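Here's the structure we're looking at; comments come further down.
4 protein chains.
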Amino acid sequence: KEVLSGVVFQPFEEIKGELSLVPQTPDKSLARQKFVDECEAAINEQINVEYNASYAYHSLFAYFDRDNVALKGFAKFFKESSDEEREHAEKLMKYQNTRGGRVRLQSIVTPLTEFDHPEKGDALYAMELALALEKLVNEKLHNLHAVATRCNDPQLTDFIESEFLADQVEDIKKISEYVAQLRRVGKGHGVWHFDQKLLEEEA
Amino acid sequence: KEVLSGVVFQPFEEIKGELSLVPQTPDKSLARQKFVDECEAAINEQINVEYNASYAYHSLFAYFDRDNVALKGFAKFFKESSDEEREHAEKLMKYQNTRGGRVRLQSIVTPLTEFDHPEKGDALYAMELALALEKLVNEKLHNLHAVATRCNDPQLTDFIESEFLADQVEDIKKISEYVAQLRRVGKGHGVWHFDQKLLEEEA
Amino acid sequence: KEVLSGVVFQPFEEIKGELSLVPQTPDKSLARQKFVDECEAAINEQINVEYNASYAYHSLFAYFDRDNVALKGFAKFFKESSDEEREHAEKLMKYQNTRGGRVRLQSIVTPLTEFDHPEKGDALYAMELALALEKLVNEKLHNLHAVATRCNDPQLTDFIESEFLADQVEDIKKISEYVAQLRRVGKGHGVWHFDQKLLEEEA
Amino acid sequence: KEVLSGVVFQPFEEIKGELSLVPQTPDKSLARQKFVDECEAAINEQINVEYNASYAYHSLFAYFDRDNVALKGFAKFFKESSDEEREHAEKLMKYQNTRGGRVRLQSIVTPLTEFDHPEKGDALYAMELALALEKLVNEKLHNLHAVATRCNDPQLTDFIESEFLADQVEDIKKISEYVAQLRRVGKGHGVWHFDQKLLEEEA
Ligand SMILES: [Fe+3]
Ligand SMILES: [Fe+3]
Ligand SMILES: [Fe+3]
Ligand SMILES: [Fe+3]
Ligand SMILES: [Fe+3]
Ligand SMILES: [Fe+3]
Ligand SMILES: [Fe+3]
Ligand SMILES: [Fe+3]
Ligand SMILES: [Fe+3]
Ligand SMILES: [Fe+3]
Ligand SMILES: [Fe+3]
Ligand SMILES: [Fe+3]
Ligand SMILES: [Fe+3]
Ligand SMILES: [Fe+3]
Ligand SMILES: [Fe+3]
Ligand SMILES: [Fe+3]
Ligand SMILES: [Fe+3]
Ligand SMILES: [Fe+3]
Ligand SMILES: [Fe+3]
Ligand SMILES: [Fe+3]
Ligand SMILES: [Fe+3]
Ligand SMILES: [Fe+3]
Ligand SMILES: [Fe+3]
Ligand SMILES: [Fe+3]
Ligand SMILES: [Fe+3]
Ligand SMILES: [Fe+3]
Ligand SMILES: [Fe+3]
Ligand SMILES: [Fe+3]
Ligand SMILES: [Fe+3]
Ligand SMILES: [Fe+3]
Ligand SMILES: [Fe+3]
Ligand SMILES: [Fe+3]
Ligand SMILES: [Fe+3]
Ligand SMILES: [Fe+3]
Ligand SMILES: [Fe+3]
Ligand SMILES: [Fe+3]
Ligand SMILES: [Fe+3]
Ligand SMILES: [Fe+3]
Ligand SMILES: [Fe+3]
Ligand SMILES: [Fe+3]
Ligand SMILES: [Fe+3]
Ligand SMILES: [Fe+3]
Ligand SMILES: [Fe+3]
Ligand SMILES: [Fe+3]
Ligand SMILES: [Fe+3]
Ligand SMILES: [Fe+3]
Ligand SMILES: [Fe+3]
Ligand SMILES: [Fe+3]
Ligand SMILES: [Fe+3]
Ligand SMILES: [Fe+3]
Ligand SMILES: [Fe+3]
Ligand SMILES: [Fe+3]
Ligand SMILES: [Fe+3]
Ligand SMILES: [Fe+3]
Ligand SMILES: [Fe+3]
Ligand SMILES: [Fe+3]
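Written out as structure tokens, the structure reads:
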């Protein structure tokens with residue numbers, strides 16, 4: 006035996022006490038190890054957060070794709086963001102199953118559909134909405150991370166940091182920069198031009 | 006003038022009576038022409054049908070992706086079907102905007118999450134569920150088509166026939182054939198083998 | 006014999022009663038079958054509609070190609086639209102002969118030549134004119150389709166739906182989006198910039 | 006000076022107090038910095054854990070490579086797992102030397118050699134054994150991580166998370182899925198078929 010900063014290390018002897026950690030009933034995960042209910046439930050929450058964000062971005066896409074709005078760069082940007090939030094949800098679903106939890110998909114609420122806001126202009130308002138949405142997803146990611154830290158699940162904390170937190174802060178800066186640019190160019194010709202550059206970036 | 010089977014043809018003279026059909030208020034679609042509220046609402050219904058079907062297939066994927074179920078071909082099949090139903094929804098959203106209607110995304114209900122059914126076996130039960138889901142989407146597509154026929158919207162009927170109905174009957178035969186094969190191979194080794202062939206088809 | 010929803014199916018026996026349906030006089034179409042006078046006349050109307058639309062677009066091209074107007078993207082756009090409307094006319098002429106009708110080209114009226122409209126600006130006014138023209142062609146296409154439905158000519162209805170109606174609604178959305186963009190960018194630098202993007206799209 | 010959440014930041018001035026942190030005796034590591042004895046000892050434990058796991062997998066390989074067992078896919082799977090556990094040990098040895106600790110290789114115990122288990126069947130029993138072994142290695146990795154957290158060694162925690170924990174949970178799901186599949190296919194033809202698919206995966 007070895008005790009290292011209070012942590013007991015039992016030496017390697019045999020694989021048999023762990024054979025009891027091989028479940029013998031077919032409805033139970035065999036992979037699950039040190040993956041507690043709180044972390045399972047917090048992953049399920051973040052799946053519903055990302056999916057709802059995907060749906061919200063699809064609603065934004067549907068508005069700017071209107072012929073009388075005609076901001077194709079915005080529409081494509083919001084469509085791709087919807088695809089991305091859904092990929093996040095899917096990656097979290099795969100992770101849940103990798104750790105042996107159960108994915109529990111919840112309801113998705115009606116999102117906002119109209120983004121007609123003449124004072125700021127539709128484009129600036131919607132990009133600010135997108136920024137707020139990303140910050141909301143980031144808050145939930147931080148909640149998820151706090152659960153994982155409290156449960157001493159270091160594989161989960163690293164998963165969240167490496168797979169989601171870094172992309173999240175990069176998405177927020179990018180959209181923040183879009184808001185700043187839209188404020189600088191102003192409504193009308195400036196917005197249209199920004200939209201054309203968005204369309205070119207989106208290839 | 007020419008009246009042909011009761012249909013009045015006025016000869017081509019000038020483009021001015023149609024300039025009044027160019028809306029001058031910015032919140033109204035300029036494209037909209039002979040696209041009535043019933044067709045707009047029926048497209049919105051089919052968008053919600055396809056999206057709910059996408060969500061249901063994602064829930065199916067999440068179950069078969071479990072380590073204790075371990076039917077990777079099924080999981081991938083259901084994941085791809087979820088992607089496909091979402092693409093259908095998106096194509097219908099694009100169409101709505103092409104015709105000048107408004108996309109109205111509605112709520113998505115909690116789907117079924119557990120497909121543990123020992124008598125039929127999980128694989129056969131889920132493939133039968135998928136078949137029932139496709140038939141449900143086909144019924145809604147037929148409702149949508151009946152609205153378009155009643156409203157004399159021939160571009161919409163052709164759109165529905167060419168873009169969705171043909172794929173729909175092809176999907177149903179494919180999944181029907183999967184059900185038939187799963188019944189023939191039986192539970193256990195047969196199901197696993199069918200799953201391996203599904204995985205190979207899915208590249 | 007078989008009667009199916011009221012439709013009499015006589016079984017296949019021989020090809021001789023149809024030899025009388027092989028005309029023996031050289032001025033008559035041998036191909037013509039279930040292609041009635043109303044459909045022949047409605048196709049001839051749509052040929053004259055598309056040709057007049059071609060001529061109108063050529064007049065628009067001739068205005069924006071002026072050195073003091075100098076909107077080359079618009080000029081090229083209207084030139085290509087003129088080519089396209091003429092191709093539609095030609096495709097309808099080919100179809101008329103495929104079905105065994107007679108093409109009857111009618112007169113083309115003097116179109117509008119001056120599009121100097123300072124309040125909206127030449128570019129916005131002309132794009133709205135183009136939108137109205139496309140909607141006028143779409144109305145005639147719907148008249149043509151209604152004749153074909155009433156005459157129970159399903160090959161013709163499908164021809165109209167597949168070859169013209171889908172392109173027509175796509176052209177209308179595209180031009181509607183152009184109108185919306187021109188309103189957003191405003192006269193002067195915005196219009197010129199929109200024109201430059203039109204020129205780039207037109208390769 | 007700057008104190009930030011209690012953490013003292015002394016400003017950059019010169020490199021001389023750290024020249025005393027350059028050891029002048031040849032038997033001492035010059036690299037070692039903030040790498041305490043508990044972390045050094047915990048790395049040495051995990052090296053012995055991975056090596057023992059390598060040896061156990063080699064014993065498994067040696068059994069299934071027998072002509073009367075003849076499960077070549079299993080034999081190759083266990084051989085490659087043995088190579089992988091040894092690579093883990095080696096990577097941990099390299100890390101120990103990177104941080105300036107001393108690698109201390111310990112004894113390796115006789116592993117189990119016979120895996121003749123007729124009730125479950127040799128293949129299912131051995132795959133469950135492998136699962137238990139991976140879970141045992143994961144427990145030790147968690148012990149190692151807890152030592153590093155307690156000693157505030159963030160480079161070590163990240164090393165463990167990025168290099169080992171993620172692969173570990175992926176290995177466990179993969180082997181869990183193998184157990185589930187072996188249970189589904191059953192002994193005899195099913196096991197042989199699973200073995201053939203294992204052999205194909207292993208290229
Ligand atoms: Fe546990
Ligand atoms: Fe637990
Ligand atoms: Fe795309
Ligand atoms: Fe993914
Ligand atoms: Fe659970
Ligand atoms: Fe559940
Ligand atoms: Fe509105
Ligand atoms: Fe935290
Ligand atoms: Fe990282
Ligand atoms: Fe990183
Ligand atoms: Fe950018
Ligand atoms: Fe400007
Ligand atoms: Fe540009
Ligand atoms: Fe930019
Ligand atoms: Fe109308
Ligand atoms: Fe209407
Ligand atoms: Fe894929
Ligand atoms: Fe699409
Ligand atoms: Fe509406
Ligand atoms: Fe609305
Ligand atoms: Fe269950
Ligand atoms: Fe119908
Ligand atoms: Fe078709
Ligand atoms: Fe077809
Ligand atoms: Fe197939
Ligand atoms: Fe069998
Ligand atoms: Fe196979
Ligand atoms: Fe097959
Ligand atoms: Fe006839
Ligand atoms: Fe006739
Ligand atoms: Fe040219
Ligand atoms: Fe042609
Ligand atoms: Fe004639
Ligand atoms: Fe003149
Ligand atoms: Fe003039
Ligand atoms: Fe009709
Ligand atoms: Fe068609
Ligand atoms: Fe079509
Ligand atoms: Fe365009
Ligand atoms: Fe300007
Ligand atoms: Fe430009
Ligand atoms: Fe453009
Ligand atoms: Fe130190
Ligand atoms: Fe020390
Ligand atoms: Fe090898
Ligand atoms: Fe190495
Ligand atoms: Fe030492
Ligand atoms: Fe022996
Ligand atoms: Fe033995
Ligand atoms: Fe820890
Ligand atoms: Fe990492
Ligand atoms: Fe990582
Ligand atoms: Fe695998
Ligand atoms: Fe068998
Ligand atoms: Fe095989
Ligand atoms: Fe396999």
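Protein chains in written order, with the deposited numbering: chain A, 6 to 208; chain B, 6 to 208; chain C, 6 to 208; chain D, 6 to 208.
Think of the CB as a built atom: it goes at the ideal place given N, C-alpha and C, for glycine as much as any other residue.
Quiz item: Is the closest heavy atom of ligand 50 to the C-beta of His150 (chain A) under 6 Å?
Solution: Your numbering for residue 150 (chain A) matches position 145 in the first sequence. No, Cβ of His150 (chain A) sits at least 6 Å from all heavy atoms of ligand 50.
Practice problem: Evaluate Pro123 (chain A) with the Cβ neighbour count: other Cβ atoms within 10 Å of its Cβ, from every protein chain shown; 16 or more gives buried, anything less gives exposed. | Solution: To locate residue 123 (chain A), count along the first sequence from 1; it is residue 118. Classification of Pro123 (chain A): exposed, given that the 10 Å Cβ count is below 16.
Quiz prompt | Cβ-based neighbour list, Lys77 (chain C), same chain, cut-off 6 Å, excluding 5 preceding and 5 following | solution = One-based indexing of the third sequence puts residue 77 (chain C) at position 72. Answer for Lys77 (chain C): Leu204, listed in chain order.
Practice problem: Check each residue of the segment 45-68 of chain A: if its Cβ is closer than 7 Å to any Cβ of chain B, include it; give the result in chain order. | Solution: So the list reads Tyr60, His63, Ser64 and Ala67, given in the order they occur along the chain.
Quiz item: Mind checking whether the beta-carbon of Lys21 (chain D) lies closer than 6 Å to any heavy atom of ligand 43?
Solution: Against the fourth sequence, residue 21 (chain D) aligns to sequence position 16. Not so, every heavy atom of ligand 43 lies at least 6 Å from the Cβ.
Quiz prompt | Opening and closing residue of the alpha helix (DSSP H) in which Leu138 (chain D) lies | solution = Counting from one through the fourth sequence, the residue named residue 138 (chain D) turns up at place 133. Note, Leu138 (chain D): alpha helix (DSSP H), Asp127 to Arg155.
Self-check item: Supposed contact pair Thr118 (chain A) and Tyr60 (chain A) - C-beta distance, whole angstroms, cut 8 Å
Solution: For the purposes of this step, residue 60 (chain A) is identified with residue 55 of the first sequence, where counting begins at 1. For the purposes of this step, residue 118 (chain A) is identified with residue 113 of the first sequence, where counting begins at 1. In fact, because the Cβ distance is near 11 Å, the residues do not count as touching under 8 Å.
Exercise. Note down, in chain order, every chain B residue with its Cβ under 8 Å from the Cβ of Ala171 (chain C).
Key: Counting from 1 along the third sequence, the entry for residue 171 (chain C) is found at position 166. Chain B residues near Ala171 (chain C): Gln160, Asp163 and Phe164.
Quiz prompt | Contained beta strand (DSSP E) runs [length at least 3] in the segment 62-92 of chain A, N- to C-terminal order | solution = Along the segment 62-92 of chain A, the beta strand (DSSP E) does not occur as any fully enclosed run of 3 or more residues.
Quiz item: Do the segment 10-17 of chain A and the segment 45-65 of chain D meet, that is, are 3 or more Cβ pairs less than 8 Å apart?
Solution: Below 8 Å, enough C-beta pairs join the segment 10-17 of chain A and the segment 45-65 of chain D to call them touching: three or more.
Quiz item: Can you tell which of D:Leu134, D:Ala94 and D:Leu170 has its C-alpha closest to the C-alpha of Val54 (chain D)?
Solution: Here residue 54 (chain D) refers to the residue found at position 49 of the fourth sequence. When only C-alpha atoms are compared, the closest one is D:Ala94.
Self-check item: Cut-off 7 Å between Cβ atoms - residues of its own chain near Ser167 (chain C), not counting five sequence neighbours on either side
Solution: Here residue 167 (chain C) refers to the residue found at position 162 of the third sequence. Excluding positions up to five away in sequence, the list is empty.
Quiz item: Taking 6 Å as the cut-off, is the CB of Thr118 (chain D) close to at least one heavy atom of ligand 48?
Solution: Position 113 of the fourth sequence, counted from the first residue, corresponds to residue 118 (chain D). Yes, since a heavy atom of ligand 48 falls inside the 6 Å radius drawn around the Cβ of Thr118 (chain D).
Exercise. Thinking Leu129 (chain D) and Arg188 (chain D) are a contact (beta carbons under 8 Å), I'd like their distance in whole angstroms, please.
Key: Taking the fourth sequence and counting its residues from 1, one reaches residue 129 (chain D) at position 124. Taking the fourth sequence and counting its residues from 1, one reaches residue 188 (chain D) at position 183. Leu129 (chain D) to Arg188 (chain D), Cβ: 7 Å. Contact.
Quiz item: Would the beta-carbon of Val41 (chain D) be found less than 6 Å away from any heavy atom of ligand 44?
Solution: Against the fourth sequence, residue 41 (chain D) aligns to sequence position 36. Yes, the Cβ of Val41 (chain D) comes within 6 Å of a heavy atom of ligand 44.
Quiz item: Using 8 Å as the threshold, is the segment 140-154 of chain B in touch with the segment 191-205 of chain B, meaning 3 or more CB pairs across them?
Solution: no
Quiz item: Under a Cβ-count criterion, where at least 16 other Cβ atoms within 10 Å of its own Cβ denotes burial, should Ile113 (chain B) be classed as buried or exposed?
Solution: As a first step, residue 113 (chain B) is located in the second sequence; it is residue number 108 there, counting from the start. Classification for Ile113 (chain B): buried.
Quiz item: Do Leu141 (chain C) and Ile180 (chain C) have their C-beta atoms closer together than 7 Å?
Solution: Stepping through the third sequence from its first residue, residue 141 (chain C) is reached at position 136. Stepping through the third sequence from its first residue, residue 180 (chain C) is reached at position 175. No.
Quiz item: Any beta-carbon of chain B closer than 7 Å to the one on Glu89 (chain C)?
Solution: Position 84 of the third sequence, counted from the first residue, corresponds to residue 89 (chain C). Not an interface residue.
Quiz item: Taking the alpha-carbon positions, what's the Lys39 (chain C) to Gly105 (chain C) distance?
Solution: Start at 1 with the first residue of the third sequence, and residue 39 (chain C) comes out as number 34. Start at 1 with the first residue of the third sequence, and residue 105 (chain C) comes out as number 100. About 10 Å.
Quiz prompt | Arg155 (chain B) classed as buried or exposed, judged by whether at least 16 other C-beta atoms fall within 10 angstroms | solution = Residue mapping note: residue 155 (chain B) aligns to position 150 of the second sequence, counting from 1. In the assembly as shown, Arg155 (chain B) is an exposed residue. Its beta-carbon has fewer than 16 other beta-carbons within 10 Å.
Quiz item: Less than 6 Å between the CB of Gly126 (chain B) and some heavy atom of ligand 54, yes or no?
Solution: On the second sequence, residue 126 (chain B) is found 121 positions in, with the first residue counted as 1. For ligand 54, not one heavy atom lies less than 6 Å from the Cβ of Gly126 (chain B).
Exercise. Check whether the Cβ of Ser167 (chain A) sits closer than 6 Å to any heavy atom of ligand 9, and report yes or no.
Key: Within the first sequence, residue 167 (chain A) is the residue found at index 162, counting from 1. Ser167 (chain A) Cβ: within cutoff of ligand 9.
Quiz item: Using a C-beta to C-beta distance shorter than 9 Å, which residues of chain A count as neighbours of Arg104 (chain D)?
Solution: What you label residue 104 (chain D) is simply residue 99 of the fourth sequence in a count that begins at 1. None at all; the shortest Cβ gap to chain A is about 15 Å.
Practice problem: Could you tell me whether the Cβ atoms of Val174 (chain C) and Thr103 (chain B) are closer together than 7 Å? | Solution: What you label residue 174 (chain C) is simply residue 169 of the third sequence in a count that begins at 1. What you label residue 103 (chain B) is simply residue 98 of the second sequence in a count that begins at 1. In this structure, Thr103 (chain B) lies closer than 7 Å to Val174 (chain C) by Cβ.
Self-check item: Where the alpha helix (DSSP H) through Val190 (chain A) begins and ends
Solution: As a first step, residue 190 (chain A) is located in the first sequence; it is residue number 185 there, counting from the start. Judged by DSSP secondary structure, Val190 (chain A) falls within the alpha helix (DSSP H) whose first and last residues are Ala171 to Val190.
Practice problem: Identify which residue in B:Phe79, B:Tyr100 and B:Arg91 has its Cα closest to the Cα of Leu134 (chain B). | Solution: Indexing the second sequence from 1 puts residue 134 (chain B) at position 129. The residue with the shortest Cα to Cα distance from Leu134 (chain B) is B:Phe79.
Quiz item: Between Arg91 (chain A) and the rest of its own chain, which residues show a CB-CB distance below 8 Å, the 5 nearest in sequence each way excluded?
Solution: Along the first sequence, one-based indexing puts residue 91 (chain A) at 86. If we look at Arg91 (chain A) and ignore the five residues flanking it on each side, its Cβ neighbours are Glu55, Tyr56 and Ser59.
Quiz prompt | Selection of the segment 142-153 of chain C by Cβ proximity to chain B, strictly under 7 Å | solution = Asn143, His147, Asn148, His150, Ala151 and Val152
Exercise. Compare the Cα-Cα distances from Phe83 (chain B) to each of B:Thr115, B:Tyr62 and B:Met98 and report the closest residue.
Key: On the second sequence, position 78 is the one that residue 83 (chain B) refers to. The shortest Cα separation from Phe83 (chain B) among B:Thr115, B:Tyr62 and B:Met98 belongs to B:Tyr62.
Practice problem: Taking 7 Å as the cut-off, decide whether the C-beta atoms of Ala36 (chain A) and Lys99 (chain D) are in contact. | Solution: Taking the first sequence and counting its residues from 1, one reaches residue 36 (chain A) at position 31. Taking the fourth sequence and counting its residues from 1, one reaches residue 99 (chain D) at position 94. With contacts defined as CB atoms closer than 7 Å, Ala36 (chain A) and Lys99 (chain D) fail to qualify as a contacting pair.
Quiz prompt | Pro116 (chain B) to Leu138 (chain B) span [Cα, whole Å] | solution = Taking the first residue of the second sequence as position 1, residue 116 (chain B) is located at position 111. Taking the first residue of the second sequence as position 1, residue 138 (chain B) is located at position 133. Cα-Cα distance, rounded: 12 Å.
Quiz item: Looking at chain B, which residues of the segment 18-38 of chain A have a Cβ within less than 7 Å of any of its Cβ atoms?
Solution: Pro31, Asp32, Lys33, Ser34, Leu35 and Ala36
Quiz item: When we look at the beta-carbon of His194 (chain B) and count the other beta-carbons within 10 Å, is it buried (16 or more) or exposed?
Solution: Here residue 194 (chain B) refers to the residue found at position 189 of the second sequence. Buried, since its Cβ has 16 or more Cβ neighbours within 10 Å.
Quiz item: Buried or exposed: where does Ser34 (chain A) fall if 16 or more other Cβ atoms within 10 Å of its Cβ makes it buried?
Solution: On the first sequence, residue 34 (chain A) is found 29 positions in, with the first residue counted as 1. So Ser34 (chain A) counts as buried.
Quiz item: Which of the three DSSP states, helix, strand or coil, is assigned to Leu9 (chain A)?
Solution: To locate residue 9 (chain A), count along the first sequence from 1; it is residue 4. DSSP places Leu9 (chain A) in strand when its eight states are reduced to three.
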